[PDB]
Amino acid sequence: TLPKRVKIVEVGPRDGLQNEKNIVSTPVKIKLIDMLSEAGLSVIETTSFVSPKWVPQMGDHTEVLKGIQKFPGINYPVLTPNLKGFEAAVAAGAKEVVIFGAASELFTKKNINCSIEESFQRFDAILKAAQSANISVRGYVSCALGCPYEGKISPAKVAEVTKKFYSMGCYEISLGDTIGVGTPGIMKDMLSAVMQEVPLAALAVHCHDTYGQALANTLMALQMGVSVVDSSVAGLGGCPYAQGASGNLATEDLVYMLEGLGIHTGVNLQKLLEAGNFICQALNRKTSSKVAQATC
């Protein structure tokens, strides 16, 4: 059956802005984030404490985390790819961090020269450091429904890596269809294998709409009992590993569906559409949200 409430994780300011062609000033980022908080989102991925030399679009991570209004009860997780970034994030006041791995050997190797097993040693250091500081850690498992290099990905394999993340300390793992090649059957098989080893409450789904399958894959996950899904404001984002089509599932199209289902999200659609319109103008782009297009 369908959950009664879904926790929506907004990734537009990080996953979205990181993979957008144009860049916006720090004040725009802070304003966009305050607008999503005003819209009622309970968790907003804010920035990434990664080297400016590798991903310059996230270069203002320290000032963004310190400049945003911290609404009551709302979580503002930040990405910390390594120990150095983790220490900076903590020093900047972060209370939740996010680490990312993959269920694909080829993807991991072409992204860090380390095998899936090796990537977990780098994670152990952060998780040990996070535990000593009482900081929460969310995990990202990319290529959960297919890899741009290996093609099909085994469910057992995704279950294996997710389990590792969870036993290592991550209170929540987001299974991501990074290139958007997944379809509901694939989603179903994957989650079925993951749920055997990880409790339902620790799972989240993050689907890309590159092939127009994002919302349908999310619904399958909801029918399977997942109660947390990642999405980006106006469908901002994209994937470096896929032809310049679309990226993240649009938060507005997701809440529209959830409200129709009678599922609580605690999100105000009108105010979410304002945030989307705002960032879209700052970026000189058209929103990828269909609800936004149909509303005005």
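Throughout, we count residues from 1 along the sequence that is shown.
A.B. asks: Give the stretch, out of 160 to 168 and 114 to 122, with the larger mean C-alpha temperature factor in the deposited entry.
C.D. replies: Here the higher of the two C-alpha B-factor means belongs to 114 to 122.
A.B. asks: When the Cα temperature factors in the entry are averaged, is it 213 to 221 or 178 to 186 that ends up higher?
C.D. replies: In the deposited entry, the stretch with the higher C-alpha B-factor mean is 178 to 186.
A.B. asks: Sort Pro52, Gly260, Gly40, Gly235 by C-alpha B-factor from the entry and give me just the highest.
C.D. replies: Within the set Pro52, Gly260, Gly40, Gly235, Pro52 shows the top C-alpha B-factor.
A.B. asks: From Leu32, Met58, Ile44, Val255, pick the one with the largest CA B-factor in the entry?
C.D. replies: Max CA B-factor in the entry, restricted to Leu32, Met58, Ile44, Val255: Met58.
A.B. asks: Could you tell me which third, lowest, middle or highest, the C-alpha B-factor of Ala275 occupies within its chain?
C.D. replies: Lowest third of the chain for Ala275's C-alpha B-factor.
A.B. asks: Please place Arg5 in the lowest, middle or highest third of its chain according to the CA B-factor in the PDB entry.
C.D. replies: Ranked within chain, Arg5 CA B lands in the middle tercile.
A.B. asks: Sorting the chain's CA B-factors, does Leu145 end up in the lowest, middle or highest third?
C.D. replies: For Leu145, whose C-alpha B-factor we compare with every modelled residue in the chain, the answer is the middle third.
A.B. asks: Using the B-factor values recorded in the entry, state whether the Cα atom of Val267 falls in the lowest, middle or highest third among the modelled residues of its chain.
C.D. replies: According to the entry, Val267 has a C-alpha B-factor in the chain's middle third.
A.B. asks: When the modelled residues of the chain are sorted by Cα temperature factor, does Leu79 land in the lowest, middle or highest third?
C.D. replies: Ranked within chain, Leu79 CA B lands in the middle tercile.
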